[PDB]
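S.K.: Using only what follows, build the 3D model:
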Amino acid sequence: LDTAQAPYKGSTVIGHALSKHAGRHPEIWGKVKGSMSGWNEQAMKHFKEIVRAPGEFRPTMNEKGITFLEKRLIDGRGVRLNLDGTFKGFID
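M.R.: Numbers count the residues shown, from 1 in each chain. What follows is the structure:
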């Protein structure tokens, strides 16, 4: 949670991630509203939901040879972690 909730440019790494994802896909994430201060909590809610939902994380390598742990839900939301378990980003 320290990587995800690290203060960064008015919000947190995870708050900014939700902001961009809800901005392009509000149907998947729901619209983000209110102060930048609130983004982190709304993003942590999604994070915890994705973690508790059925399905599994899977090690997944991309075309550039970088590997991540990824859990993608049937509802379109997903989380990508670095191999050390730190938060990388949301995925859809």
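
S.K.: Which strand or helix spans residue 68?
M.R.: According to DSSP states H and E, residue 68 maps onto strand 67-72.

S.K.: buried residues in that strand?
M.R.: Within strand 67-72, the residues that qualify as buried are 68-72, counting by 16 or more other CB atoms under 10 Å. In short, each C-beta sits where N, CA and C put it, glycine included.

S.K.: and it, what other elements does it pack with?
M.R.: strand 58-61, strand 78-82, strand 87-91 (3 or more CB pairs under 8 Å, 6 or more residues apart in numbering; DSSP states H and E).

S.K.: The lengthiest helix in the chain vs strand 78-82, what angle?
M.R.: Scanning the chain for the longest helix, with DSSP state H as the assignment, gives helix 36-52. For the pair helix 36-52 and strand 78-82, the angle between their directions (axes from the mean of the first three to the mean of the last three CA atoms, to 10 degrees) equals 90 degrees.
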